[PDB]
Amino acid sequence: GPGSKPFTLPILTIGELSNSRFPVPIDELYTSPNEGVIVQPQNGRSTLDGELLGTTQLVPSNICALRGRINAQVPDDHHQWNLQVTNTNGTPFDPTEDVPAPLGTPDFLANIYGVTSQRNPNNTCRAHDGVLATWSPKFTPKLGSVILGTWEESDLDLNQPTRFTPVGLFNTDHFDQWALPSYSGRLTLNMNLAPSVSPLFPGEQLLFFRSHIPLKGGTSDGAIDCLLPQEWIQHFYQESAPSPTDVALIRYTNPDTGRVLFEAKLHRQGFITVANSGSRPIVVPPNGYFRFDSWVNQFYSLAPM
Ligand SMILES: C[C@H](CCC(=O)NCCS(=O)(=O)O)[C@H]1CC[C@H]2[C@@H]3[C@H](O)C[C@@H]4C[C@H](O)CC[C@]4(C)[C@H]3CC[C@]12C
């Protein structure tokens, strides 16, 4: 009946899923206590009924991308360029909109390696590799501007359409996947944030969809953990199915036999918990996927993984 459209998950195996916090495929499922850290990502956030939260948007190639025009080079460091940002879909950025930053803006501290490209009205073009430092005092996307750094010191034009394509980490300096940038810079609080998430029942931990992103030099697992894959967010946005309780019970199922491997709790706020203790990667059957079973409550006791 009206108000009771059945909730569903898309039929997608792990090799058919994308990270919602960096534009790469999912590599594995992962669980960890993250004891003492506040888990509050702003990309990859949606309710189960299809309301996108934080800085989350639908287009996979706009995750961690920037668009705008360069108004000036920094006089005393010609490696630095001031980018006046627009939205990644091309529309002007309205700082009065009730979001933390332009949709798709990176949600973690890092030196992000990527490429800055331009095309002029006469179709002359240029591109140069470089670094987006999301920890810099000049990373102020909510105010409309960020700094780009490049090895190139001359061949970028002012007042021409510009895009930043992210590739990975440049190095590990300042890298912390759970530390949010200060979107308006020094001494100013972030606004309109999606809330932090945590397990709320003893014996449970968050379950993440993990990718190991590229690193240009150094030592790191490159781990970026998202709460929901991008395809699930895209599915819920189209379906708009109401949530009648706080938690959907989901089961990882092999479709050819019906055998169920393990179960988990999918919370209406858009994250997963499992009964497990300790940090561990999981291996799933390549042909399996999560399926909706029933609606339960916050206090339902799961079978341990
Ligand atoms: C402009 C960026 C942030 C600088 C910053 O805010 N520093 C802090 C100033 S304060 O002490 O807080 O006042 C810096 C951080 C990393 C820098 C880059 C990296 O060091 C790698 C590259 C090094 C090359 O010598 C120049 C280009 C190269 C690509 C740099 C350009 C400028 C970057 C991108």
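Computed over heavy atoms, backbone and side chain alike; hydrogens, waters and symmetry mates excluded. Residue numbers count from 1 along this sequence. Note that ligands are numbered from 1 as they come in the structure, with each ligand's atoms numbered from 1 the same way.
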- Task: Spell out, as yes or no, whether a donor-acceptor pair under 3.5 Å connects the side chain of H128 to the backbone of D155.
- Result: yes

Are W232 and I63 connected in the hydrophobic side-chain network, where two residues link if heavy atoms are under 4.5 Å apart? no

Could you pull out the N/O contacts under 3.5 angstrom between ligand 1 and the surrounding protein atoms?
residue  : atom  : partner : partner atom : Å
ligand 1 : 6 (O) : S136    : OG           : 2.8

Contacts satisfying salt bridge (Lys or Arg N to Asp or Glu O under 4.0 Å) that involve residues 36-65 (not counting sequence neighbours) are none

Any donor-acceptor pair under 3.5 Å from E263 side chain to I250 backbone:
no

Query raised in the report: Side-chain donor-acceptor pair under 3.5 Å between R126 and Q118, yes or no?
Result: yes

Is there a chain of hydrophobic side chains (I, L, V, M, F, W, Y, each step under 4.5 Å between heavy atoms) that links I233 to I14? yes

